[PDB]
Each structure stands twice: as C-alpha cells, then as structure tokens.
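Data block below; observations after.
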Amino acid sequence: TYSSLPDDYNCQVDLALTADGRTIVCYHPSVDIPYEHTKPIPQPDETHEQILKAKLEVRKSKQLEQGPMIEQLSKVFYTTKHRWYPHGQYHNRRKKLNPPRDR
Amino acid sequence: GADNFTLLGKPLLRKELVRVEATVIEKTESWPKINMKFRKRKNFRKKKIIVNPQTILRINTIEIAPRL
Amino acid sequence: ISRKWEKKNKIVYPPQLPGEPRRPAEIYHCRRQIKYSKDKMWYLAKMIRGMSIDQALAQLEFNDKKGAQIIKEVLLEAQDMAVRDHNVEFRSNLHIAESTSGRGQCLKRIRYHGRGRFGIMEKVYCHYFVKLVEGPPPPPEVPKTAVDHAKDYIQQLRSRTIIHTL
Amino acid sequence: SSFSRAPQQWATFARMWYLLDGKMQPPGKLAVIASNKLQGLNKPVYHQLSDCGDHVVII
Amino acid sequence: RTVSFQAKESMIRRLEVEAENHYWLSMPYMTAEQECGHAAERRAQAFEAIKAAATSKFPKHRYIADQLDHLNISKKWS
Amino acid sequence: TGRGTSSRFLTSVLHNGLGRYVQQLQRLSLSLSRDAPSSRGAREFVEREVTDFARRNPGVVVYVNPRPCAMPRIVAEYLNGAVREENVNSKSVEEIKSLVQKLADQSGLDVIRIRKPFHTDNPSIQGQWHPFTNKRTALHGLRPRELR
Amino acid sequence: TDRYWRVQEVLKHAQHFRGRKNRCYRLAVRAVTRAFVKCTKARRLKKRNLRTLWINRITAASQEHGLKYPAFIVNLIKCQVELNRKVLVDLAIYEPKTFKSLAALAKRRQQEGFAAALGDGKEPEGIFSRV
Amino acid sequence: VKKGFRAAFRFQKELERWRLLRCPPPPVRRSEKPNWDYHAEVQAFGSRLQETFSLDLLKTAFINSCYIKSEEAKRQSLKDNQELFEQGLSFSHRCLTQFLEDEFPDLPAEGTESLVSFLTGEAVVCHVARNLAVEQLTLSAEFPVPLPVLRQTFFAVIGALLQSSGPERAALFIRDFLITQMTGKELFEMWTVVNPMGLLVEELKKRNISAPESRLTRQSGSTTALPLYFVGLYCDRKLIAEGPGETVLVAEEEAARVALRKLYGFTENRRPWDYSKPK
RNA sequence: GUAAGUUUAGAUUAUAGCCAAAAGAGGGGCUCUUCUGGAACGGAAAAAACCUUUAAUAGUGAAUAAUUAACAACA
C-alpha cells in the first residue's frame with residue numbers, strides 16, 4: 034500500500050526511486066474490470087439511421103411543416119431552433135471547398 | 141515512457157541509459173509575417189516582413205538498456 | 041457596346057465522338073433595344089426562370105405587363121430559329137434555362153416645370169437575355185426531410201476535430 | 002488503445018448525464034459545480050468550440 | 025478604496041529587503057583616508073584615452089583605384 | 002492575413018529521410034547574355050563557383066545557355082514537380098551563390114503558414130482519455146438508483 | 015501610368031472584404047492597413063491565450079484526480095521535475111496512466127511536505143523529499 | 031492614349047496572367063517540353079537515388095508496349122519491360138511476404154495475401170512513381186501515363202535494380218521506399234474482414250480457447266439519440282478485449298476487432314518496424 | 001563614479017501647452033506664482049495626465065511587477 038493514490042480504477046501505480054537516486058521508476062500495469070462488476074449484454078433483441091427514422095416519425099399531416107419539423111429535430115438533439123435555419127447564398131459560397139487534412 | 145512503466149530524470153537521466161537519434165530533413169524559412177506599426181498617419185508603405193529561417197527534423201530511433 | 045450573347049450562338053462544337061451522349065441544344069437569344077426598364081423587365085425574367093417553353097408562353101399570354109408581350113415575341117423567335125437552325129426535332133421540348141435583363145443606352149432631355157423648375161429627363165432602354173436548353177425543365181427541389189437534417193448534424197458532430205493539441 | 006478512429010472520436014466526444022440532489026443543499030455551491038459540469042469544464046480536453054457540455058439533472 | 029490583503033503583504037516584503045540593504049551598507053571596509061588617491065592613477069589613464077578618441081575627426085582620403093575600378097562595370101564575356 | 006491567406010499542416014513528401022535522404026531539386030537552368038551589365042555577377046559565377054556546386058551535388062541537371070537576353074534568369078525544378086524561377090538581373094556572385102544554396106536545401110513543399118509544428122502518426126500510446134476513465138465500477142454493474 | 019498596379023496591390027488584400035469597401039480604393043486601402051495592424055498585434059496575444067488554455071486543461075485533469083492545480087505544480091518543482099505546462103497537457107491527454115503516476119508522486123510529496131511541517135524538522139528528509 | 035511602350039508591354043503580361051488563370055493549358059509531358067535530355071536525366075535520376083542502374087536495362091524497364099506502337103505508327107507513315126516486370130513483381134511478393142511474416146508470425150497466411158496485394162496496389166505503385174518523377178521518365182504513348190502501364194514499369198525498374206545492384210540493395214530499397222507506406226495504416230484498413238465475431242470464434246477453437254461471454258462493461262445514454270455502449274468479451278470470466286460502440290452490436294463488433302489485432306500481435310503500442318538496420 | 005567640456009568662427013529653428021502632485025500668495029471652493037512628474041501595447045471598469053514598465057525581433061517556453069475591494073459594545 035505504498036502508493037499514495039487508489040490503484041483500483043486506472044492502473045496499479047508503483048513509484049520507486051533508484052538506489053543512486055538519479056532516476057525515478059514508475060510501473061503502471063493496467064487493471065481490467067471485474068466480471069462480477071459488469072452486466073451481461075441485453076439478452077432480449084442496428085444502424086443509427088434506423089433510430090433516426092423512428093425518432094423522427096411522420097405522424098400528423100403526412101410530412102410535417104417546416105416549423106414543427108425543426109421543433110421535432112430540436113427536441114431530439116436538445117438544440118435550439120436557430121441552428122436548423124438555412125443560410126443565404128453569399129455565406130454558403132464563402133465556405134472553403136477543400137480544407138486541408140493531414141494524417 | 142513504456143507501455144507499463146516510465147522513467148523520470150532528476151532533472152535528467154544518465155547518458156548511458158538513453159540514446160536518441162534523429163535526422164535532418166529540410167532547411168527552409170517561414171512564410172511572411174506582417175510587422176505593421178500603429179502610428180498616426182500610418183501610411184500604406186510602413187510595414188516589415190520577418191520570414192525567419194527554419195529547419196525540419198525527423199525522429200529516427202530511441203535506444204535504452206537495463207543500466208539501472 | 042458589347043454583343044457577346046450573339047457570339048455564344050455562333051459557337052461551333054467539335055464533332056462528337058461515338059462514345060459521347062447526344063449534346064443537348066443551347067440557344068442564346070436577346071433583344072438589345074427595348075423601351076422598357078430593366079428592373080421592371082427583371083421581375084418577368086425571374087418568375088419564368090426554369091419553366092418549360094409551353095408553360096412560359098401560356099403565362100405570358102395572360103400577363104398584363106408590356107414587357108411580357110415582348111418576352112413572348114422574343115421567345116417565339118428563339119424557338120423558330122432553334123428548329124430551323126439548331127436542329128431541334130420537337131417544338132415542345134424546350135425550357136427556360138436562363139432569363140435576365142440588362143441596361144441599354146438611354147436618351148437625355150431637360151424636364152421643364154410649370155413653376156420655373158427643371159429636371160433631368162431620361163428615356164430608358166434595356167436589353168433582355170435568355171438562354172434556352174433543349175429538353176423538359178429540371179425537376180423542382182424537394183425540401184429536406186427531418187431524417188436528412190438529423191443525419192447531417194450527426195455527421196457534423198463526428199467530423200469535429202480536436203483543436204490546438206498534440 | 003487500438004480502437005477504430007471513428008469510434009474513438011465518438012467515445013472521446015461523448016456527453017454524460019449527471020444527477021444532483023438539492024435537498025438541504027445551497028444553490029450557489031451547486032450552481033458552481035453545475036456550471037462546471039454543464040459547460041464541460043470537467044473534461045481535461047475542454048475546448049471553447051468543441052461543444053463538450055454535459056447533461057445535468059437536479060432534483 | 026480599501027487596500028487588498030495581497031498589496032499590504034507585498035510592500036512589507038519589499039521593505040524588509042531594503043532593510044537588508046541598510047545593514048550591508050553599515051560596515052564600510054575602507055575608511056575615508058584610505059580611499060583618497062587610491063585609484064587616481066587609473067582614472068587619469070582612462071581620461072587620456074577618451075581625449076584621443078574624441079579628437080580623431082578628419083576628412084577622408086581619395087584614391088586612384090576608386091576611379092579606375094569603375095571601368096570594370098563594362099566587363100563582359102569575350 | 003491568416004484569414005485572407007491559406008495554411009497547411011506539417012508534413013513530409015514521402016518520408017524522404019526515413020531510409021535515405023533524396024534531394025528534391027532535380028534541375029537547374031541558367032540563362033546568360035554575353036553583353037549585359039545585369040549578368041556580370043552571373044558571368045563570373047560560371048567561371049568560378051558553378052563547377053564546385055555541380056561536383057558537390059551531381060544529382061541535379063544543370064543547363065547553361067548563353068543567349069541574347071535582357072535579364073538573366075534561373076529556373077529550379079523539383080522532383081515533386083514544383084518549379085521556381087529567380088531573376089538574376091544585376092546580382093553579384095555572392096548573392097547568386099547564397100540563393101542557390103537555399104534552393105538546394107528547400108523542398109518542393111509549399112511555403113505557407115503551418116498550423117502545427119508537429120506531425121505524428123501515433124498520437125496515443127497508452128490510449129486516449131475517455132470519460133469512463135477513472136470511474137469506479139459497482140458489483141453486478143448496477144446502474145445508479147437501480148433497485149435490482 | 016502604373017496606378018492600376020498600385021490598385022491591384024490593395025485589391026489583392028481587399029478582395030475578401032464585404033460591401034463597397036472591397037471595391038472602393040478610398041475605403042479598401044484603409045481597411046488593409048487596419049487588417050495588417052490587427053494581425054501584428056494578435057501575434058503577441060496568441061501566445062498568452064495558448065498558455066491560458068493549457069493551464070485550464072491541466073486544472074481539469076488535476077481536478078479529475080482530486081488534486082488542485084497549485085498543489086501539483088509546487089510538488090513537481092520540489093521534486094526537481096522541469097516539464098513545461100504545454101508538455102503536461104500532452105502527458106495527461108495521451109498518457110493518462112503516466113499522468114496518474116505523476117499525480118501520485120506529487121501527492122506523496124505534498125503528504126511528505128505536510129509531514130515535514132508536522133514533524134517540525136526534527137525528522138529526517140523523506141525518501142521522496144531527498145534533494 | 032497614353033504614350034510609351036513599357037506600359038503597353040506591362041498590360042500584355044496582365045492579359046496573359048488572366049488567360050492562364052481562366053483557361054489553364056492541358057497537361058503535357060516534360061519530354062515534349064523544351065530542355066529535355068533522356069540520357070542526362072537518367073544519370074541524374076540514378077545518382078539522386080544513390081543507386082547504381084544499368085542504363086541498357088533501365089531503358090528497357092522504362093520502355094512500354096504502348097510507346098513502341100506510337101513510334102511504330104510514326105515509323106510506318119526495342120525491348121518491352123514485360124520480362125523485367127515479371128521479375129520485380131514476382132520477387133516483390135516474396136520480399137513483401139517475408140517482411141510481413143517476420144514481424145507478424147501470428148498473422149494468418151490469408152491476411153498476408155491481403156496485405157501484400159494492398160502494398161502492390163496500382164494506386165500505391167502509381168503514387169510512388171509520380172512523386173519520384175518516374176512518370177516523366179516513363180516511356181509511353183499517352184500523357185498522363187496510364188496507371189497499369191506505370192505499374193508495369195515500377196516492377197520492371199525493380200528487376201533492373203536487382204541485376205544492377207543485387208538483391209541486397211533492392212531489399213533495402215523496398216524497405217526504405219515501400220515498407221514506409223504502411224505507416225499509419227491499421228490492420229483492418231489494409232485487410233478487409235467481415236463477420237469478425239465468427240472469425241474470432243474460429244481462431245479461438247483453433248487455439249482451444251473457450252468462446253468469450255459478451256458483457257456490458259459500461260453504458261451511457263441508452264435511451265437518448267446518442268447512445269454509448271462498451272461491450273467486453275469475457276473468456277472464462279476474464280476480459281480479453283473491450284470495444285466502444287454506439288449500439289450493442291457495434292460495441293460487440295468493435296470488441297471483436299480489438300481481439301483480432303491482439304491475436305495477431307497488432308497492438309497499437311507494438312514495437313515500430315525498424316528501417317535503421319544497415320544489414 | 002563616470003565622459004564629455006571650454007574657447008573661436010558661421011547659422012538658424014523655437015519663442016501659446018495640458019493634467020497630476022508639492023510649496024507659497026490673494027479668496028475665507030476657487031485665482032495666481034514657484035518646484036517635481038507624466039503621454040502602455042499591463043493595471044485602477046471604460047480611463048492623454050494615477051501605478052507597474054529601458055528600445056524592437058521570431059518561438060504552441062520560463063520567472064516576475066502593478067493589480068475592486070474589504071471583514072451592535074460590557075468592563
């Protein structure tokens with residue numbers, strides 16, 4: 034129990050100074066989650087797109103109106119309606135076509 | 141550092157323990173850097189550029205031995 | 041004065057290769073001198089953009105503006121040459137790809153007033169430019185569904201990159 | 002480690018839901034903690050433009 | 025405007041440092057008599073060098089090479 | 002200027018220095034005029050220093066074409082396809098030599114603002130931090146407030 | 015006779031402006047100088063902003079382990095650790111196991127520091143407090 | 031009308047710049063463009079690479095069937122690179138397979154075939170050749186050079202290198218120039234694996250290991266529109282690999298992928314391949 | 001401790017402050033005279049005049065300065 038911090042979450046931490054004292058030795062082997070502390074995968078019986091269709095169900099007046107459509111979209115993602123509004127041509131053209139990607 | 145252990149200098153490790161080597165890739169300079177001044181009647185011909193020199197290095201290898 | 045719209049109609053393409061789709065016809069027609077305001081004529085041009093040849097003609101026939109009648113006459117002339125000179129098989133197979141109006145050279149006069157005042161009188165003239173593409177008008181845009189909107193937002197979130205870090 | 006790039010990005014950028022009990026608790030101290038959790042300041046990789054805020058539930 | 029707690033402490037620390045300066049100025053190693061004339065010789069020598077440098081202004085010479093070298097501007101491939 | 006100018010990330014052409022370093026510059030072309038004051042410095046350079054550079058770097062193709070020319074010019078071509086032209090109009094031998102040395106050292110990579118001075122293909126070794134890190138587990142994996 | 019090229023010099027820097035400013039030389043010239051002045055000033059402020067971000071991220075990482083930022087820094091200095099603030103952020107992000115090991119080392123030094131104060135100096139220096 | 035000729039000349043340059051910007055010219059090979067000497071470039075090309083090439087053999091490697099037809103067509107109004126192409130491609134497969142096997146003995150023979158094919162892909166060979174100016178040095182009847190023709194030359198040059206410099210230099214050349222391309226490439230990125238769970242089970246039975254019991258290590262936002270699921274495969278109640286997924290199936294699929302990398306010794310923290318060895 | 005100074009000859013420019021803070025003198029807040037300091041890109045909320053600040057150069061370094069706050073009465 035030499036370590037001053039709990040070792041049960043991330044990894045076992047063993048801090049030791051070399052005999053000469055010129056170096057500090059740290060051993061950090063990882064710790065796995067106990068089987069008994071985990072739940073089994075749900076036995077009762084998937085692409086995220088499928089959930090989106092069910093979440094954004096078309097129920098009233100066939101396809102919903104623009105405002106209600108934004109409201110339904112806003113509720114699902116906990117976002118404001120202002121985000122969903124479109125933007126004009128001037129700003130749309132300004133966007134860089136090919137942003138650089140490295141690695 | 142390693143997967144399950146690390147070594148710390150106090151403030152540096154002994155030269156014997158660790159050997160690190162790298163290679164020089166390119167020598168270049170920097171893109172222009174504006175150096176305009178904030179003086180009344182600034183004028184359009186009152187500015188300077190820096191374009192400092194530059195160099196490129198690629199890491200090659202790291203060598204260690206059990207010399208604790 | 042520049043008359044590059046007509047030159048666009050004088051362009052001759054190279055002979056098409058066997059492995060090339062049949063090129064759709066493009067016709068550039070314009071009336072350079074009209075005693076009408078370009079701004080007023082533009083309203084007519086804006087509405088008719090993207091419509092079929094027959095649909096535009098029908099609307100023009102029941103239009104009250106003087107410019108609309110001129111536009112119909114301009115449209116008829118373009119259609120006639122298209123079949124006669126641009127090898128258009130079907131008269132109905134035409135749609136309004138582009139329609140716009142431009143300024144023309146004007147005339148200047150002094151505007152007298154009954155109270156001793158004077159003004160600058162201008163006789164406005166304008167140009168009208170239209171490009172016709174053989175074939176039916178393209179299908180109209182379909183508004184994005186909620187599913188489409190949500191997918192883009194999720195994709196944007198995934199596309200987010202860590203900023204200013206090793 | 003060795004995880005696929007897209008899942009790794011998803012996991013790192015994921016948002017967590019937190020529960021708070023306000024019974025006999027000063028709102029000001031809770032608000033300071035709540036602001037940290039809500040704004041996403043509890044994450045070591047917090048960035049202003051990363052929208053890393055988390056859900057906070059107070060009862 | 026009430027004084028912040030940090031401000032009061034900072035001035036006190038600086039005051040103590042100045043006090044240390046006072047003590048080290050309280051033990052003059054050399055008395056006045058010893059100081060007199062000890063470095064006069066060095067000071068005189070330095071002044072002499074100063075005078076020589078100050079009075080070194082004069083017009084510059086002119087050389088034939090300058091005019092003759094200008095002809096090289098016409099050098100070209102043979 | 003940064004908003005109005007392009008930028009890139011740190012990168013290497015094809016990891017040139019991993020196995021063996023290859024000079025990006027592949028061809029140098031020099032145009033001269035027999036009778037032109039502007040080329041006087043370039044005229045002397047060919048006599049003295051052009052040979053030394055060729056011996057030092059024999060992997061670059063050198064073209065010297067004296068011709069009637071208003072302003073001497075130097076063209077440098079790189080392996081990646083980059084081509085750069087520098088005017089030698091009224092420049093001395095020393096100025097020319099310094100420019101050539103810089104050209105040889107430079108690579109075909111574009112010279113613009115670099116967002117990051119570091120490029121690595123292995124950002125993480127111990128694993129990237131995620132929220133579940135440092136979170137204690139519970140027996141049976143019981144979720145909070147679960148009666149069970 | 016080259017006034018056009020002088021305009022082009024201003025235009026190339028003002029092409030991305032909005033309104034009549036981008037097309038009026040009288041206005042375009044003024045904006046370009048102001049934009050250049052703004053960029054020059056931002057160079058110094060950029061470095062300071064980056065340091066602030068690094069400090070904030072370290073505090074969040076330290077607070078995750080329950081350690082305050084001032085305590086961690088002081089203990090590392092007392093331990094002859096000379097890692098810079100920027101590198102400290104990198105270690106936490108990509109080496110959480112090492113960062114936790116660093117946290118324990120700093121915590122042990124702080125505990126030794128508290129022990130040293132309680133000891134009143136009679137006790138010898140701690141194993142991790144040896145300099 | 032302003033007098034003078036310098037102003038008029040300056041405007042002419044201005045017109046040319048606009049024309050180039052508006053209508054960039056069609057690409058043309060450097061061979062057609064002025065100041066091209068095939069013999070001189072090859073000598074510089076070899077010296078730049080710090081490698082020795084037999085000019086006669088190298089020319090044959092660059093020579094392509096398409097180029098001959100164009101010259102023959104002009105003639106109507119010579120040795121191909123096929124022989125060299127086969128040697129380089131055939132030897133490269135052995136060399137590429139040998140390199141992979143030594144680093145990853147655990148990796149199955151099927152995986153090596155996929156990795157070797159990816160490294161010998163037309164795009165990869167084309168990408169290397171273009172950046173090396175090999176396209177300019179390539180002899181072909183069409184510009185840009187067709188990719189399959191370019192791929193033929195690249196292995197043909199390898200065959201010429203083998204004769205000129207022997208296997209030793211060529212082997213280092215492959216390591217320095219080709220093995221470098223595998224940096225930053227994940228195992229499944231270079232090898233396509235479907236149904237990872239089934240494959241993992243097949244390997245486990247081969248190793249006589251019990252099938253792991255899938256478990257839910259962590260769960261977050263299950264009922265939200267942004268759910269996170271961590272699924273860990275537990276063998277004999279011991280976790281072998283854990284993966285993150287948005288859905289339980291995705292997490293299980295990702296966890297299988299992690300195990301497969303561990304099975305074949307493809308851990309992200311594995312020792313990097315070494316280009317330093319001079320031997 | 002430090003490096004300028006005196007004389008001779010020629011020669012112009014400048015010749016209206018501002019605010020803070022001291023010492024006087026009239027008023028009895030002001031009105032003056034005399035001495036000292038100042039002109040951030042930091043700070044006092046924005047802040048020409050107060051405080052910390054020797055010039056200006058690139059860097060994804062480091063140590064510090066001033067720095068809006070402060071913790072009813074019995075003997």
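Protein chains in written order, with the authors' numbering: chain a, 34 to 78, 84 to 141; chain S, 141 to 208; chain T, 41 to 206; chain K, 2 to 60; chain o, 25 to 102; chain b, 2 to 149; chain R, 15 to 145; chain c, 31 to 107, 119 to 320. Built from N, CA and C at the ideal position, the CB exists for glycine as well.
In the structure shown, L141 (chain c) adopts helical secondary structure according to DSSP, grouped into three states. Contact of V114 (chain a) with chain c by beta-carbon distance below 7 Å involves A266. Sequence-ordered contacts of the stretch 7–37 of chain b with chain c read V14, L15, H16, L19, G20, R21, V23, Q24, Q27, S30 [C-beta pairs closer than 7 Å]. For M121 (chain T), the closest of T:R200, T:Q99, T:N49 by C-alpha to C-alpha distance is T:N49.
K75 (chain T) counts as exposed, since fewer than 16 other C-beta atoms from the protein chains shown sit within 10 angstroms of its C-beta.
In terms of beta-carbon proximity, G3 (chain b) stays away from the interface with chain a, with every pair separated by 9 Å or more.
Boundaries of the alpha helix (DSSP H) harbouring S199 (chain T): 186–199, taken from the DSSP string. Below 8 Å, too few C-beta pairs join the stretch 104–114 of chain T and the stretch 146–164 of chain T to call them touching: fewer than three. In the DSSP assignment, the residues bridged to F145 (chain S) are a:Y60. For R71 (chain R), the number of other beta carbons within 10 angstroms of its own is at least 16, and it is reported as buried. Note that the stretch 61–75 of chain R touches the stretch 96–115 of chain R; at least 3 beta-carbon pairs, one per stretch, sit closer than 8 Å. With fewer than 16 other CB atoms across the displayed protein chains lying within 10 angstroms of its CB, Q204 (chain c) is exposed. Contact of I69 (chain R) with chain K by beta-carbon distance below 7 Å is absent, the smallest such distance being about 12 Å. Sixteen is the threshold: since fewer than 16 other Cβ atoms of the shown chains lie within 10 Å of the Cβ of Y53 (chain o), the residue is exposed. Below 8 Å, too few C-beta pairs join the stretch 233–248 of chain c and the stretch 210–217 of chain c to call them touching: fewer than three. Take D277 (chain c), set aside five residues on each side of it, and the residues of its chain with a beta-carbon closer than 7 Å to its own are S251, in chain order. Under the DSSP assignment, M161 (chain T) falls in the beta strand (DSSP E) whose first and last residues are 158–174. About 17 Å separates the CB atoms of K173 (chain S) and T195 (chain S); that is not less than 8 Å, and the two are not in contact. DSSP, reduced to helix, strand and coil, places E86 (chain b) within a strand of the structure shown.
Ranked by Cα distance from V157 (chain c), the first of c:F126, c:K279, c:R135, c:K89 is c:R135. With fewer than 16 other CB atoms across the displayed protein chains lying within 10 angstroms of its CB, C53 (chain c) is exposed.
Residue contact with chain b for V160 (chain S): absent (no Cβ-Cβ distance below 9 Å to any residue of chain b). Not a single C-beta of chain b is nearer than 9 Å to the C-beta of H86 (chain a). In terms of beta-carbon proximity, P110 (chain R) lines the interface with chain a, with at least one pair separated by less than 9 Å.
Spatial neighbours of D147 (chain c) in its own chain (CB-CB distance under 7 Å, excluding positions within 5 residues in sequence) are listed in chain order as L304, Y305, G306.
Residues of chain R whose Cβ lies closer than 8 Å to the Cβ of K44 (chain K) are, in chain order, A74. DSSP places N17 (chain b) within a helical segment (H, G or I) once states are collapsed to three.
Under the Cβ distance rule, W101 (chain o) counts among the residues neighbouring chain b, one pair being separated by less than 9 Å. CA-CA distance, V14 (chain b) to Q222 (chain c), rounds to 12 Å.
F196 (chain c): member of the alpha helix (DSSP H) spanning 188–218, first to last residue. Residues of chain S whose Cβ lies closer than 9 Å to the Cβ of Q124 (chain R) do not exist; the shortest such Cβ separation is about 17 Å. Annotation for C146 (chain T): the continuous beta strand (DSSP E) segment containing it runs 134–152. In terms of CA proximity to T201 (chain T), K:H48 leads the group K:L31, K:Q40, K:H48, K:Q26.
Secondary structure at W18 (chain K): strand, using DSSP grouped into helix, strand and coil. Straight through space, the alpha carbons of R298 (chain c) and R256 (chain c) are spaced by roughly 16 Å.
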